[PDB]
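Asks: This is the structure I have questions about; it appears just below.
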Amino acid sequence: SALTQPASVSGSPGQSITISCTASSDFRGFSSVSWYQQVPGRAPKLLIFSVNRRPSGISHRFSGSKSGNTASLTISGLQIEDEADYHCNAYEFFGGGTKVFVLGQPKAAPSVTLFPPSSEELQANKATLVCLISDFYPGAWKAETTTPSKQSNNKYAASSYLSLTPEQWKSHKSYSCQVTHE
Amino acid sequence: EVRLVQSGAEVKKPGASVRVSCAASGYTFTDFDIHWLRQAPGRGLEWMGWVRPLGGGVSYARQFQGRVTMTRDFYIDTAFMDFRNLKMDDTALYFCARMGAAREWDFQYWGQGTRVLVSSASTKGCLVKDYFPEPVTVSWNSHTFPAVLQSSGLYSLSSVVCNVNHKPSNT
Amino acid sequence: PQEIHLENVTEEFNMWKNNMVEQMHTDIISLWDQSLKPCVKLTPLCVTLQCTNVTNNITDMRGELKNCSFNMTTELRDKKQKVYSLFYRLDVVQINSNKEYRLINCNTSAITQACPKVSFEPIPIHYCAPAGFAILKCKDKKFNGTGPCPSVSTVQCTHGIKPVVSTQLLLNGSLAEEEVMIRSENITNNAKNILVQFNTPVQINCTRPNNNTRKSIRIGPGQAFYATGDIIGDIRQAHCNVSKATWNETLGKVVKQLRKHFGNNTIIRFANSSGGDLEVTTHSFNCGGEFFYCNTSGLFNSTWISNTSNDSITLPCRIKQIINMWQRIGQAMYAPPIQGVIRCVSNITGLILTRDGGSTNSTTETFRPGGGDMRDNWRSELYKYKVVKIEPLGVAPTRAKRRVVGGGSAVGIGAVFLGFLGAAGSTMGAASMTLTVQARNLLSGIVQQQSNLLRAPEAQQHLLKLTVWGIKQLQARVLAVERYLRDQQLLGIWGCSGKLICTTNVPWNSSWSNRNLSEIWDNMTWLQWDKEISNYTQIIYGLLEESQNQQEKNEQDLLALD
Amino acid sequence: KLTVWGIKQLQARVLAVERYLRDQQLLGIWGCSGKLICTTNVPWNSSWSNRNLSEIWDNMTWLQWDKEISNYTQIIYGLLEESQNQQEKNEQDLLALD
Amino acid sequence: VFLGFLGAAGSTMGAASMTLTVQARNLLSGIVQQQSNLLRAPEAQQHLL
Amino acid sequence: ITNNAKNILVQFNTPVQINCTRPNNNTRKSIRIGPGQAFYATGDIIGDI
Amino acid sequence: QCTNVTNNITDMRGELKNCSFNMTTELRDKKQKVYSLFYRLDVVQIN
Ligand SMILES: *[C@@H]1O[C@H](CO)[C@@H](O[C@@H]2O[C@H](CO)[C@@H](O[C@@H]3O[C@H](CO[C@H]4O[C@H](CO[C@H]5O[C@H](CO)[C@@H](O)[C@H](O)[C@@H]5O)[C@@H](O)[C@H](O)[C@@H]4O)[C@@H](O)[C@H](O[C@H]4O[C@H](CO)[C@@H](O)[C@H](O)[C@@H]4O[C@H]4O[C@H](CO)[C@@H](O)[C@H](O)[C@@H]4O[C@H]4O[C@H](CO)[C@@H](O)[C@H](O)[C@@H]4O)[C@@H]3O)[C@H](O)[C@H]2NC(C)=O)[C@H](O)[C@H]1NC(C)=O
Ligand SMILES: *[C@@H]1O[C@H](CO)[C@@H](O[C@@H]2O[C@H](CO)[C@@H](O[C@@H]3O[C@H](CO[C@H]4O[C@H](CO)[C@@H](O)[C@H](O)[C@@H]4O)[C@@H](O)[C@H](O[C@H]4O[C@H](CO)[C@@H](O)[C@H](O)[C@@H]4O)[C@@H]3O)[C@H](O)[C@H]2NC(C)=O)[C@H](O)[C@H]1NC(C)=O
Ligand SMILES: *[C@@H]1O[C@H](CO)[C@@H](O[C@@H]2O[C@H](CO)[C@@H](O[C@@H]3O[C@H](CO[C@H]4O[C@H](CO)[C@@H](O)[C@H](O)[C@@H]4O)[C@@H](O)[C@H](O[C@H]4O[C@H](CO)[C@@H](O)[C@H](O)[C@@H]4O)[C@@H]3O)[C@H](O)[C@H]2NC(C)=O)[C@H](O)[C@H]1NC(C)=O
Ligand SMILES: *[C@@H]1O[C@H](CO)[C@@H](O[C@@H]2O[C@H](CO)[C@@H](O[C@@H]3O[C@H](CO)[C@@H](O)[C@H](O)[C@@H]3O)[C@H](O)[C@H]2NC(C)=O)[C@H](O)[C@H]1NC(C)=O
Ligand SMILES: *[C@@H]1O[C@H](CO)[C@@H](O[C@@H]2O[C@H](CO)[C@@H](O[C@@H]3O[C@H](CO)[C@@H](O)[C@H](O)[C@@H]3O)[C@H](O)[C@H]2NC(C)=O)[C@H](O)[C@H]1NC(C)=O
Ligand SMILES: *[C@@H]1O[C@H](CO)[C@@H](O[C@@H]2O[C@H](CO)[C@@H](O)[C@H](O)[C@H]2NC(C)=O)[C@H](O)[C@H]1NC(C)=O
Ligand SMILES: *[C@@H]1O[C@H](CO)[C@@H](O[C@@H]2O[C@H](CO)[C@@H](O)[C@H](O)[C@H]2NC(C)=O)[C@H](O)[C@H]1NC(C)=O
Ligand SMILES: *[C@@H]1O[C@H](CO)[C@@H](O[C@@H]2O[C@H](CO)[C@@H](O)[C@H](O)[C@H]2NC(C)=O)[C@H](O)[C@H]1NC(C)=O
Ligand SMILES: *[C@@H]1O[C@H](CO)[C@@H](O)[C@H](O)[C@H]1NC(C)=O
Ligand SMILES: *[C@@H]1O[C@H](CO)[C@@H](O)[C@H](O)[C@H]1NC(C)=O
Ligand SMILES: *[C@@H]1O[C@H](CO)[C@@H](O)[C@H](O)[C@H]1NC(C)=O
Ligand SMILES: *[C@@H]1O[C@H](CO)[C@@H](O)[C@H](O)[C@H]1NC(C)=O
Ligand SMILES: *[C@@H]1O[C@H](CO)[C@@H](O)[C@H](O)[C@H]1NC(C)=O
Ligand SMILES: *[C@@H]1O[C@H](CO)[C@@H](O)[C@H](O)[C@H]1NC(C)=O
Ligand SMILES: *[C@@H]1O[C@H](CO)[C@@H](O)[C@H](O)[C@H]1NC(C)=O
Ligand SMILES: *[C@@H]1O[C@H](CO)[C@@H](O)[C@H](O)[C@H]1NC(C)=O
Ligand SMILES: *[C@@H]1O[C@H](CO)[C@@H](O)[C@H](O)[C@H]1NC(C)=O
Ligand SMILES: *[C@@H]1O[C@H](CO)[C@@H](O)[C@H](O)[C@H]1NC(C)=O
Ligand SMILES: *[C@@H]1O[C@H](CO)[C@@H](O)[C@H](O)[C@H]1NC(C)=O
Ligand SMILES: *[C@@H]1O[C@H](CO)[C@@H](O)[C@H](O)[C@H]1NC(C)=O
Ligand SMILES: *[C@@H]1O[C@H](CO)[C@@H](O)[C@H](O)[C@H]1NC(C)=O
Ligand SMILES: *[C@@H]1O[C@H](CO)[C@@H](O)[C@H](O)[C@H]1NC(C)=O
């Protein structure tokens, strides 16, 4: 990363927030910038090819200007469709991405459903405690970490596992799990 | 109607030297240069190389010298990228893009991408059976949770509302 | 040739968007197809070959040459003939101790043989502009690629450019003056190529030591195919010899200039070709009728940083006979063999480099020579030119008014005339002193029988018909007439038919310009004047065309009406 | 199309226009735009011909006349094009200049 | 009340004689909006053709 | 209209839409028949005739 | 040499034919036996 980008940004819907693109003290001929809106894990979308020019399929709310060695992108009338990973490139050099956060959204209680080890599970002398954390928002063994993923009902769902011993599961009368949200 | 089509997801042990195809359609392929970009899950986009269709000229990045090689074929309007001696650090998603009509360093068209993961694991690999690689097909009577990555590399998951078909087993 | 130097003219042109390079490009490509179309076609030569390696002692000599016998047709349809020939390794591919070999283009494209009589030698050709157009020539020795040229002149046709197809090294080009030039559209962007121009020529000696022979085997009625015969003498490689002292010295001139853009103390390394087809990877050039392909790794392995035998450099060069110039699809040419030993000696006047790129900055910089496109061979010579069309109808306000409707001399030695378009940098008053200079040149030859006087010789265009330039001339002479008669038609409605300067009764509105008569005519060029009035020039042309000169007609005859 | 005489006609009709507009362009700089006969102020030098007005116009064909003046016809066309008709323009508007 | 090109073809000889520059503009070159000669200026249109 | 030899041309005021199809799902087969020359022939027909 | 395309004849009187011919190839000496399909209107019978 010859340049640098802000780690995270946050703002309320409808508010204008700016993004920056750093420049090194040894940069040469920094005269053009193109910004992209990359859906997390999908193909990037070109927001503005030149410093100020915009393609046809891109909305008018996206804008960009350059002052000295810093390139600035400003969003107006923010919506949730706009939330994605953003990157500013100068020639071949790119950036580490700018995380976006939209405030706010009501929280949700985790639909925790823990299931005891199956009959065939303990037969192989391998104990496995499975705990499912679904229908919880936002995305965040007494007495194996899975990152939460989006769902169709605009909620996140994760899971947790534990490799245990049947002799250790039969020595203790019971087990539980703690899923603290916010 | 211009769109770039990439190859499918592939898994390989270190030193396997995978090649990726980028199909071009809807425009005169022999005009614009094709670029290979790779993005890690916890990193930003990285530029690997550009190769133009007329003459095959190609410029490769300093760190990929002796490791990568790119070519193309005019008859199939496709540019290829040979990445030899792949390493554990180089696992990420590989994108091939085309510069916009403005001829500045901007990318107006991209591809769906290919998934290249390098690891050391056996190809053979309700409660889930060890089903490595990651893709599974869950069905009830002919709510699913994501999988977890253990230290061994095997993937475990759970499905609550089976006989999940396994690609390595071909049930 | 008449070249005019313009005083106080600062006209800039952009080398990369210059339209003159693409016209020539499409011009050479069209010219090639017009020469190969009448030549014989080798459609029956796409036959399974049975090749035996040419007589050679294998010490590794890994000869590319093959000796292939094929069942070829003859003058009669029912008869055949078994004849042999020689083909390099690059022309034949294996089709699954003689084995079966196939010509490389048979699976992709048809092939046609270049006529033996036509010569591929580059000759100088000048490109001129049609009557009513002008070409501006920069005369700045230190001229950058894009930007203002402080000293600009004008010329009818450019100095002839020898069209030399060269991939990695420009050949027989125009030398730069003083320091070598490093012209680039954007030196920071690696995608654009880096064109260089030399001030001191680097001589190069290339040969094909193999004393081949030509064998004409009739393959059709009135059609004859030319194949290589027995090779007399030692089997040797085609090589190019360049003196190392001179190449080391010139390479030191290019590396010095490059530091200005990237810094005084930085690592400037030179590397080899990083990939591509055989064209881009090697110094593909034509000589004596054949087409060499020289690995240039010995020229481009060096490392320069900060400051501080007499034998030549030799280049292993391959030779190919089946080629597709300019990466065209569906076409291929077989160059006939050249009997005897051939020698080449040319001048190296420029290179086409490339930026390496990479994530690291200010650590190391390597330049890789490349020949991605043939257009960059034309930008190396058409950089100092630009095409402009002259517009002779410039309006301006003056207190003079139309002769009343009711109403009804120096003989020479005018001083210091500037020639055609010479008054473009002088004041509007001084420029208005010379109007017949342009009016002579708007139509017909600008100078010395420039165009119309030339098209008079017979059988030049008749024989030419529509081939090549024949259609170029008709479009250039018809457009000339259409632009001249357009201004006269503009006058015919505007009055002033026979007058270079006419004043007609039309009020000049103050909103078009707030400057007074003095400041406008005291120190302004007509070029700057046309810019400010450009927003209103169309309206002036509408009020002046009818209200000024058709209201008169309706009133002028009413006045005499019964 | 372009077969045979088709290209012969375009070269014959374009050359016709180019020669007609050449003379009119020669007049446009020389004055006399709409006039078959125009007299403009230019002195006739005696070195071009020593014959008097009578002998020239009494018994001479224009063909014989073009032969003797052929050596000087180009110079006449240079003095008459600007000194005769462009000096007027520079003076004619100066006369009405503010 | 100008009638445009050839608009005075149905009006009286006196009224039609009032507009003569209308036709004289259109006798040569494009009648309207760069109709012909202005168009043939783009490059490689007819050269390639 | 009285002479039968001349055709009778009609012009509609309301368009009549027409739907045409070739239900056979043919396939293209390019078999090279010459150098640089390729002939296109119909292949296997998928589906009902 | 044509063979009627695979069809159940209820009359279906298919115009389509399936014809194999000795066609040339990239090389002059070589040949190839390839097939194709042609409608009834494109081919005529040669006795
Ligand atoms: C009376 O008037 C009627 C109304 O005008 C006439 O009806 C018209 O009839 C014509 C055919 O004669 C139809 O044209 C064809 O329509 C096909 C279906 O169109 C679909 O796609 C349309 C556009 O989609 C593109 O653009 C949209 C955005 O606008 C974009 O979202 C989308 O992703 C895509 O980029 C869409 O508008 C339609 O609703 C449909 O969805 C269309 O497929 C046809 O294209 C074919 O064929 C034409 C003509 O032959 C070719 O020029 C095209 O290149 C393409 O040909 C394909 O096969 C070739 C074989 O030679 C290949 O060489 C081509 O490369 C190509 O292969 C394709 O796939 C490749 C693989 O990716 C691509 O690389 C290629 O690019 C190609 O995509 C054609 O457009 C009209 O649509 C129809 N009208 C209407 C309103 O539908 C009627 O005919 C008139 N009467 C008479 C007697 O003529
Ligand atoms: C390396 O590559 C970069 C691009 O990748 C090149 O940068 C281009 O440089 C040219 C020349 O300076 C630029 O052209 C100019 O663009 C202006 C518009 O953008 C700027 O100015 C506006 C305000 O005017 C700002 O709002 C905006 O943010 C930018 O700062 C034009 O205004 C210029 O003039 C135009 O408008 C006037 C209006 O009157 C017209 O009269 C002119 O004719 C003209 O139309 C001018 O066009 C260009 O924008 C830059 N970017 C791009 C993407 O091309 C470098 O030049 C290049 N080389 C190096 C660094 O050596
Ligand atoms: C100028 O450009 C040239 C050509 O691109 C560059 O040189 C390449 O350089 C390498 C050495 O760096 C050459 O080496 C060749 O290696 C081939 C295969 O071995 C490679 O891979 C194995 C493992 O598979 C490694 O152990 C080995 O070290 C190599 O990395 C050999 O097969 C080659 O032999 C070939 O030629 C002989 C005849 O000479 C044939 O009989 C063989 O069948 C085979 O064709 C060779 O040993 C390679 O030739 C060069 N070519 C390539 C592929 O790029 C230069 O580095 C570059 N710069 C300069 C300054 O010259
Ligand atoms: C040049 O053309 C001549 C023919 O005009 C070629 O001679 C022929 O070569 C073929 C093999 O390619 C011989 O075929 C033989 O067929 C028998 C079976 O019948 C088989 O058992 C043999 O192994 C072989 O395949 C053929 O007999 C022979 N002679 C003829 C046709 O009279 C000659 O090889 C060609 N030379 C070239 C292509 O360089
Ligand atoms: C495609 O071409 C091949 C030849 O390359 C054809 O094969 C040949 O077919 C002919 C008949 O048309 C055979 O002729 C036979 O000759 C004997 C007498 O010698 C006669 O008694 C038989 O009744 C028959 O006429 C020939 O032997 C055969 N094979 C060869 C030449 O090797 C093939 O039929 C062609 N397919 C087509 C046209 O669809
Ligand atoms: C290429 O060959 C030419 C001759 O064909 C060489 O020119 C000679 O240069 C030497 C001095 O270096 C003179 O003494 C000879 O008289 C020159 N030859 C002739 C015929 O005049 C040239 O030096 C060679 N250059 C390279 C790089 O090989
Ligand atoms: C280009 O030429 C250079 C020599 O100037 C070649 O370098 C050699 O190729 C041989 C194989 O025959 C290798 O064994 C050598 O190691 C190569 N040289 C070096 C310095 O590594 C180079 O391979 C040639 N490349 C091409 C594409 O022709
Ligand atoms: C470029 O020139 C250098 C020498 O300046 C070459 O270096 C050779 O390196 C090998 C070891 O790999 C040594 O054994 C040789 O002795 C070196 N050459 C000399 C003349 O001493 C380098 O290989 C050259 N590269 C190319 C591509 O030609
Ligand atoms: C115009 O050019 C002349 C030289 O021909 C020079 O002497 C004069 O100073 C220049 N004036 C201006 C305004 O450029
Ligand atoms: C032929 O080449 C071989 C390579 O080993 C060499 O030993 C032999 O002396 C050479 N002989 C001749 C006659 O060229
Ligand atoms: C096949 O090889 C032999 C021996 O090298 C040679 O004499 C003959 O000409 C070759 N070609 C043929 C038989 O077509
Ligand atoms: C000749 O080249 C070498 C590097 O190969 C360089 O060090 C030396 O300075 C060069 N000669 C001169 C006179 O600069
Ligand atoms: C050389 O480098 C020095 C120090 O950076 C700088 O001051 C000077 O301008 C440079 N001179 C040249 C000729 O590049
Ligand atoms: C000048 O003419 C324009 C119309 O061309 C008119 O609108 C304006 O009022 C006039 N006067 C001034 C002072 O601009
Ligand atoms: C108008 O001309 C006068 C005299 O040259 C000058 O002093 C004045 O500044 C000019 N004003 C404008 C607005 O052009
Ligand atoms: C033009 O030149 C005159 C001197 O001849 C000077 O007084 C005036 O300020 C100049 N104006 C401009 C715009 O250069
Ligand atoms: C030309 O007119 C435009 C508005 O149409 C104006 O913005 C521009 O400044 C004007 N330029 C000149 C030189 O009058
Ligand atoms: C006539 O004009 C010529 C120049 O055209 C001049 O040399 C000569 O002296 C003039 N007078 C006479 C009497 O020839
Ligand atoms: C000049 O004209 C007069 C009267 O016609 C004639 O007598 C005389 O001989 C002529 N002389 C010359 C030199 O032409
Ligand atoms: C021309 O004709 C006249 C009679 O009309 C005669 O007097 C004169 O001598 C003739 N001159 C010549 C050169 O014939
Ligand atoms: C024409 O001029 C040449 C000298 O240039 C002279 O020798 C010749 O006699 C002249 N002929 C006439 C008819 O004046
Ligand atoms: C085929 O066609 C015949 C026509 O008699 C019909 O009776 C029969 O049922 C059909 N069968 C199929 C499988 O299409």
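Naming scheme: A, B, ... for chains in displayed order of the structure tokens; residues 1 onward per chain; ligands 1 onward as shown.
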Kindly provide, as a PDB file with N, CA, C and O atoms, in the first residue's frame, all nucleotide and amino acid residues lying within 9 Å of ligand 5, counting only C-alpha atoms and all ligand atoms.
Replies:
```pdb
ATOM      1  N   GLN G   1     -24.813 -38.029 -49.313  1.00  0.00           N
ATOM      2  CA  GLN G   1     -25.464 -39.288 -48.960  1.00  0.00           C
ATOM      3  C   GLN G   1     -26.287 -39.027 -47.704  1.00  0.00           C
ATOM      4  O   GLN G   1     -25.746 -38.982 -46.595  1.00  0.00           O
ATOM      5  N   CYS G   2     -27.594 -38.851 -47.885  1.00  0.00           N
ATOM      6  CA  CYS G   2     -28.467 -38.333 -46.843  1.00  0.00           C
ATOM      7  C   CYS G   2     -29.311 -39.438 -46.220  1.00  0.00           C
ATOM      8  O   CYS G   2     -29.746 -40.369 -46.903  1.00  0.00           O
ATOM      9  N   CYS G  19     -26.873 -35.548 -43.934  1.00  0.00           N
ATOM     10  CA  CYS G  19     -26.045 -35.943 -45.062  1.00  0.00           C
ATOM     11  C   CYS G  19     -24.575 -35.902 -44.678  1.00  0.00           C
ATOM     12  O   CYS G  19     -24.092 -34.895 -44.151  1.00  0.00           O
ATOM     13  N   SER G  20     -23.869 -36.969 -45.003  1.00  0.00           N
ATOM     14  CA  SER G  20     -22.415 -37.064 -44.734  1.00  0.00           C
ATOM     15  C   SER G  20     -21.710 -36.855 -46.066  1.00  0.00           C
ATOM     16  O   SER G  20     -22.158 -37.461 -47.039  1.00  0.00           O
ATOM     17  N   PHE G  21     -20.681 -36.034 -46.126  1.00  0.00           N
ATOM     18  CA  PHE G  21     -20.019 -35.797 -47.430  1.00  0.00           C
ATOM     19  C   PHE G  21     -18.506 -35.846 -47.263  1.00  0.00           C
ATOM     20  O   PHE G  21     -18.029 -35.689 -46.140  1.00  0.00           O
ATOM     21  N   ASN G  22     -17.787 -36.111 -48.336  1.00  0.00           N
ATOM     22  CA  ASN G  22     -16.309 -36.132 -48.250  1.00  0.00           C
ATOM     23  C   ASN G  22     -15.883 -34.687 -48.499  1.00  0.00           C
ATOM     24  O   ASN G  22     -15.913 -34.248 -49.651  1.00  0.00           O
ATOM     25  N   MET G  23     -15.527 -33.982 -47.444  1.00  0.00           N
ATOM     26  CA  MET G  23     -15.177 -32.574 -47.525  1.00  0.00           C
ATOM     27  C   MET G  23     -13.665 -32.407 -47.478  1.00  0.00           C
ATOM     28  O   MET G  23     -12.947 -33.233 -46.908  1.00  0.00           O
ATOM     29  N   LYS G  31      -8.390 -35.433 -46.712  1.00  0.00           N
ATOM     30  CA  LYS G  31      -9.821 -35.173 -46.806  1.00  0.00           C
ATOM     31  C   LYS G  31     -10.468 -35.437 -45.456  1.00  0.00           C
ATOM     32  O   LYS G  31      -9.772 -35.691 -44.468  1.00  0.00           O
ATOM     33  N   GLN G  32     -11.796 -35.383 -45.400  1.00  0.00           N
ATOM     34  CA  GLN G  32     -12.514 -35.692 -44.173  1.00  0.00           C
ATOM     35  C   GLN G  32     -13.962 -36.003 -44.518  1.00  0.00           C
ATOM     36  O   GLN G  32     -14.528 -35.411 -45.440  1.00  0.00           O
ATOM     37  N   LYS G  33     -14.546 -36.942 -43.782  1.00  0.00           N
ATOM     38  CA  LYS G  33     -15.952 -37.304 -43.933  1.00  0.00           C
ATOM     39  C   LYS G  33     -16.706 -36.650 -42.783  1.00  0.00           C
ATOM     40  O   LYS G  33     -16.620 -37.092 -41.635  1.00  0.00           O
ATOM     41  N   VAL G  34     -17.430 -35.578 -43.093  1.00  0.00           N
ATOM     42  CA  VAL G  34     -18.215 -34.852 -42.107  1.00  0.00           C
ATOM     43  C   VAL G  34     -19.680 -34.910 -42.517  1.00  0.00           C
ATOM     44  O   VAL G  34     -20.020 -35.179 -43.672  1.00  0.00           O
ATOM     45  N   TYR G  35     -20.552 -34.664 -41.546  1.00  0.00           N
ATOM     46  CA  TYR G  35     -21.987 -34.681 -41.771  1.00  0.00           C
ATOM     47  C   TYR G  35     -22.563 -33.297 -41.511  1.00  0.00           C
ATOM     48  O   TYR G  35     -21.892 -32.400 -40.995  1.00  0.00           O
TER      49      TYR G  35
END
```
Asks: Contacts from chain B to chain A, 8 Å maximum, only C-alpha atoms: show me the residue list as a short mmCIF file (atom, residue, chain, number, x, y, z; two decimals) with N, CA and C atoms, in the first residue's frame.
Replies:
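Contents of out-v2.cif, as written:
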```
data_model
loop_
_atom_site.label_atom_id
_atom_site.label_comp_id
_atom_site.auth_asym_id
_atom_site.auth_seq_id
_atom_site.Cartn_x
_atom_site.Cartn_y
_atom_site.Cartn_z
N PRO B 41 -8.75 -11.20 2.02
CA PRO B 41 -9.89 -10.85 2.87
C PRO B 41 -9.60 -9.71 3.83
N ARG B 43 -7.04 -7.46 3.34
CA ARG B 43 -6.16 -6.53 2.64
C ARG B 43 -6.93 -5.86 1.51
N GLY B 44 -6.37 -4.77 1.01
CA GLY B 44 -6.93 -4.06 -0.12
C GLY B 44 -6.52 -4.69 -1.44
N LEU B 45 -7.05 -4.12 -2.51
CA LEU B 45 -6.75 -4.61 -3.85
C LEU B 45 -5.27 -4.45 -4.16
N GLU B 46 -4.72 -5.41 -4.90
CA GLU B 46 -3.31 -5.39 -5.28
C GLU B 46 -3.20 -5.62 -6.78
N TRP B 47 -2.37 -4.81 -7.44
CA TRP B 47 -2.17 -4.90 -8.87
C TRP B 47 -1.01 -5.84 -9.18
N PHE B 95 -9.09 -11.12 -9.58
CA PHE B 95 -9.97 -10.40 -10.48
C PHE B 95 -9.20 -10.00 -11.74
N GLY B 100 -11.24 1.67 -18.34
CA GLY B 100 -12.35 2.36 -18.96
C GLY B 100 -11.95 3.05 -20.25
N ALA B 102 -11.88 6.08 -20.80
CA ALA B 102 -11.18 7.34 -20.56
C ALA B 102 -9.66 7.19 -20.60
N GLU B 104 -7.60 6.49 -18.49
CA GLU B 104 -6.92 6.74 -17.23
C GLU B 104 -6.96 5.47 -16.38
N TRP B 105 -6.16 5.47 -15.30
CA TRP B 105 -6.07 4.28 -14.47
C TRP B 105 -7.36 4.07 -13.68
N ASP B 106 -8.41 3.70 -14.40
CA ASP B 106 -9.72 3.41 -13.84
C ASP B 106 -10.24 2.15 -14.50
N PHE B 107 -11.06 1.40 -13.77
CA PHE B 107 -11.57 0.12 -14.25
C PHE B 107 -13.09 0.19 -14.28
N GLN B 108 -13.66 0.14 -15.49
CA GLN B 108 -15.10 0.23 -15.67
C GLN B 108 -15.77 -1.14 -15.74
N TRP B 110 -15.39 -5.44 -14.82
CA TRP B 110 -14.69 -6.44 -14.01
C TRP B 110 -15.21 -7.84 -14.31
N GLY B 111 -14.78 -8.82 -13.50
CA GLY B 111 -15.25 -10.18 -13.64
C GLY B 111 -15.77 -10.70 -12.31
N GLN B 112 -16.48 -11.83 -12.39
CA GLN B 112 -17.05 -12.42 -11.19
C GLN B 112 -15.99 -12.90 -10.21
N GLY B 113 -14.78 -13.17 -10.68
CA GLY B 113 -13.69 -13.54 -9.81
C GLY B 113 -13.53 -15.05 -9.69
N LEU B 127 -25.90 -33.18 12.44
CA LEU B 127 -24.44 -33.15 12.54
C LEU B 127 -23.82 -33.35 11.16
N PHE B 145 -26.17 -22.73 8.70
CA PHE B 145 -25.17 -21.89 9.33
C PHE B 145 -23.83 -21.98 8.59
N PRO B 146 -23.01 -20.93 8.65
CA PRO B 146 -21.70 -20.98 8.00
C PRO B 146 -20.79 -22.03 8.64
N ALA B 147 -19.69 -22.32 7.95
CA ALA B 147 -18.75 -23.33 8.39
C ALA B 147 -17.64 -22.71 9.23
N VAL B 148 -16.92 -23.57 9.94
CA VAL B 148 -15.82 -23.15 10.80
C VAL B 148 -14.54 -23.82 10.31
N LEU B 149 -13.43 -23.09 10.43
CA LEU B 149 -12.12 -23.57 9.99
C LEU B 149 -11.33 -24.00 11.22
N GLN B 150 -11.04 -25.29 11.32
CA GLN B 150 -10.27 -25.83 12.42
C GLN B 150 -8.78 -25.74 12.12
#
```
Asks: As a list in words, please: every protein or nucleic acid residue near ligand 22 (cut-off 12 Å, counting only C-alpha atoms and all ligand atoms).
Replies: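 Using only C-alpha atoms and all ligand atoms, everything at most 12 Å from ligand 22 comes to residues 48 and 49 of chain F; 6, 7, 8, 9, 10, 11, 12 and 13 of chain G.
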Asks: When distances are computed from only C-alpha atoms, which of C:56, C:94, C:434, C:364 shows the smallest separation from residue 86 (chain D)?
Replies: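 Among the listed residues, C:434 lies closest to residue 86 (chain D).
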Asks: Residues within 8 Å of ligand 3 (only C-alpha atoms and all ligand atoms), as a list in words?
Replies: residues 60, 62, 271, 272, 273, 274, 275, 295, 296, 297, 298, 300 and 301 of chain C
Asks: Each residue of chain C lying at most 6 Å from chain F should get a row with its shortest atom-to-atom pair and the distance in Å to one decimal, counting only C-alpha atoms; could you produce that, ordered by chain and increasing number, as JSON lines?
Replies:
```
{"residue": "C:106", "atom": "CA", "partner": "F:35", "partner_atom": "CA", "distance": 5.0}
{"residue": "C:107", "atom": "CA", "partner": "F:35", "partner_atom": "CA", "distance": 5.9}
{"residue": "C:108", "atom": "CA", "partner": "F:36", "partner_atom": "CA", "distance": 5.2}
{"residue": "C:109", "atom": "CA", "partner": "F:36", "partner_atom": "CA", "distance": 3.7}
{"residue": "C:110", "atom": "CA", "partner": "F:36", "partner_atom": "CA", "distance": 4.9}
{"residue": "C:330", "atom": "CA", "partner": "F:36", "partner_atom": "CA", "distance": 5.9}
```
